[PDB]
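Architecture at a glance
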Amino acid sequence: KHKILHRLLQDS
Amino acid sequence: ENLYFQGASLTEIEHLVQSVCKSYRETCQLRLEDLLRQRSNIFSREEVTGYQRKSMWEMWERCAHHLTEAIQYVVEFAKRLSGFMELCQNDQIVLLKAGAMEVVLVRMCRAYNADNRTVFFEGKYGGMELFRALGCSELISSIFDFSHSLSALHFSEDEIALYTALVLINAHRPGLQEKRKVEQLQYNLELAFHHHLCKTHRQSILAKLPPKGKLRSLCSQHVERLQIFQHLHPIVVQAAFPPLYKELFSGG
Ligand SMILES: CC(=O)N1Cc2cc(S(C)(=O)=O)ccc2[C@@H]1C(=O)Nc1ccc(C(O)(C(F)(F)F)C(F)(F)F)cc1
Ligand code: NA
């Protein structure tokens, strides 16, 4: 259950 | 939400060309000149033998890490592309899950030398024999053949920028919720790419671009070989594969 994409997308 | 979700003028298309090329330059991972200069640094027979003596699982882990590093630059390229951040999160993830690996496969031609059929890997250039421990020789051969085909087009960096932006912004990806918004963004990126080709007398490359089915087949083979490796070494994938790689290729 790895969800790195939303973290990379949300990090500004 | 974004100018490029509606009809764009010629001036706005010229602005889109500049913006895509800038986003690509800032996220290209390695400068082209840096890859070309290293072409003379070739793995010796002894070094090739060393890679071939590595276990299948250690070679799979190393290659998954290198692909994940390349994918992170593609995620940043996408975040900098006009309109992408204005799409809903569901669609950003659909486009990145389907297209990040396709963009990596296209960018890979920059690191491939058609003169001797070698690719940049861990500081030097090596032939497909360098990857024999993976036990996926069809997939490696297909990637080398693909890289060889794109290398014959003599892409400029701006052409790679415009082409990879279109590879990512594809309104046909299943799962898109705002399909019309993606179609208009794709139409404008397609005009930007074709405008640049027209201006630079390079429109003859369009008929020579690979069919979309080709990038799809390569991505499908990569997922199929990963499934085979995962059945052999499930704990290697669970414990030592990068989380982002598992999110894109094994559903978690
Ligand atoms: C550090 C390193 O080694 N880099 C930096 C860098 C940057 C670019 S760039 C976007 O800046 O041009 C292009 C290539 C490479 C090269 C690399 O990552 N090479 C590589 C990786 C995986 C595979 C394969 O997984 C397989 F299986 F052959 F190992 C595969 F399948 F993708 F080909 C091949 C080559
Ligand atoms: Na090349």
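What the deposited record gives as its method is X-ray crystallography, and the resolution it gives is 1.61 Å.

Here we look at the overall build of chain B
Along its length, chain B carries eleven helices and three strands. In chain B, the succession of helices and strands from N to C terminus is α-α-α-α-α-β-β-β-α-α-α-α-α-α. Taken over the C-alpha trace, chain B has a radius of gyration of 19 Å; the compact-globule value for 252 residues is 18 Å, and the two agree within 12%. Per element, the accessible surface of chain B, about 12,200 Å² overall, is 51% carbon and sulfur. Charged side chains in chain B number 29 positive and 28 negative. The centres of these two groups are separated by 3 Å.

Some details on the coordination of the sodium ion (ligand 2)
Where a metal carries four tetrahedral donors, each ideal angle is 109.5 degrees; where it carries six octahedral donors, the ideal angles are 90 or 180 degrees. Residues and elements named next belong to chain B. Those protein atoms acting as donors to the sodium ion (ligand 2) are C109 (O), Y112 (O) and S151 (OG), and they sit at 2.3 to 2.5 Å. Read in sequence order, the donor residues coordinating the sodium ion (ligand 2) give the pattern C-x2-Y-x38-S. With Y112 in strand 1 (residues 112–113) and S151 in helix 6 (residues 137–151), this pair connects stretches of sequence that are 39 residues apart. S151 shares its class with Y112; the two are buried.

Brief notes about the interface of chain B and chain A
Facing the 15 residues of chain B at the interface are ten residues of chain A. Taking both sides of the interface into account, the surface hidden between chain B and chain A amounts to around 1,100 Å²; carbon and sulfur atoms contribute 64%. Where chain B touches chain A, the interface holds zero salt bridges. Inspection of the chain B/chain A interface yields eight residue pairs in polar contact. Secondary structure elements with two or more residues in the side of chain B that touches chain A: helix 4 (56–80), helix 5 (89–107) and helix 11 (243–249) of chain B.

Details of the site of ligand 1
Residues and elements named next belong to chain B. Around ligand 1, the surrounding shell holds 18 residues, and the nearest of these are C63, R110, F120, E122 and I140. Separating an oxygen atom of ligand 1 from a side-chain N or O atom of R110 is a distance of 3.0 Å. Backbone polar atom of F120 to a nitrogen atom of ligand 1: 3.0 Å apart, as the coordinates give it. Relative to its free-state accessible area of 680 Å², ligand 1 is covered by the protein chains to the extent of 91%.

Brief notes about helix 7 (residues 157–168) of chain B
Because an α-helix packs 3.6 residues into every turn, residues spaced three or four apart end up facing the same way. Residue and element names in this part refer to chain B. With twelve residues, helix 7 extends 17 Å from end C-alpha to end C-alpha; this agrees with the ideal 16 Å at 1.5 Å per step. Counted residue by residue, helix 7 has ten buried out of twelve residues, so it is predominantly covered. Within the span of helix 7, buried status applies to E159, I160, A161, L162, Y163, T164, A165, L166, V167 and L168. Its buried side turned inward, helix 7 meets helix 1 (10–26), helix 4, helix 5, helix 8 (179–199) and helix 9 (212–232).

Considerations on the pairing of strand 2 (residues 118–121) of chain B
Residue and element names in this part refer to chain B. Of the two faces of strand 2, the one holding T118 and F120 and the one holding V119 and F121 are both buried throughout. Here strand 1 pairs with strand 2 via two bridges, running antiparallel. Bridge pairing in strand 2 links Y112 to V119. Between strand 1 and strand 2, which follow one another and run antiparallel, lie four residues, and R117 among them has a positive phi close to 60 degrees. With three bridges joining them, strand 2 and strand 3 (residues 124–126) adopt antiparallel strand pairing. Note that in strand 3 the partner of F120 across the bridge is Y125.

So, the sheet that holds strand 3 of chain B
Sheet architecture is open: three strands sit in the order 1-2-3 (chain B), paired in antiparallel fashion. The sheet is open, and its two edges are formed by strand 1 and strand 3 of chain B, each paired on a single side.

Notes on the UniProt feature "short sequence motif: AF-2" in chain B
Within this numbering scheme, the UniProt entry marks residues 244–249 of chain B as carrying the feature "short sequence motif: AF-2". Annotation note: span residues 244–249 of chain B, helix share 100%, strand share 0%, distance between end C-alpha atoms 9 Å.

Calculation rules
Residues numbered from 1 in each chain as written, not as in the entry; some residues may be left out. Chains lettered and ligands numbered in written order. Heavy atoms only, no water. Helix = DSSP H or I, 4+ residues; strand = E, 2+ residues; numbered from the N terminus. Rg over C-alpha atoms; globule rule 2.2 N^0.38 Å. Areas by Shrake-Rupley, 256 points an atom, 1.4 Å probe, with all protein chains shown as cover. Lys, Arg positive; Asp, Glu negative; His and termini not counted. Charge placed at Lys NZ, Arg CZ, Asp CG, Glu CD. Donors = N, O, S within 2.8 Å, 3.2 Å for Na, K, Ca; no water. Buried < 20%, exposed > 50% of the residue type's maximum accessible area, 1.4 Å probe, protein only. Contact = heavy atoms within 4.5 Å. Buried area = accessible area lost by both parts, 1.4 Å probe. Salt bridge = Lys/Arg side-chain N within 4 Å of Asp/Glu carboxyl O. Polar contact = N/O pair within 3.5 Å; in protein donor to acceptor, adjacent residues only side chain to side chain. Near = heavy atom within 4 Å. Expected span 1.5 Å × (residues − 1). Pairing = 2+ DSSP bridges. UniProt positions renumbered as here; feature names shortened; annotations may be inferred.

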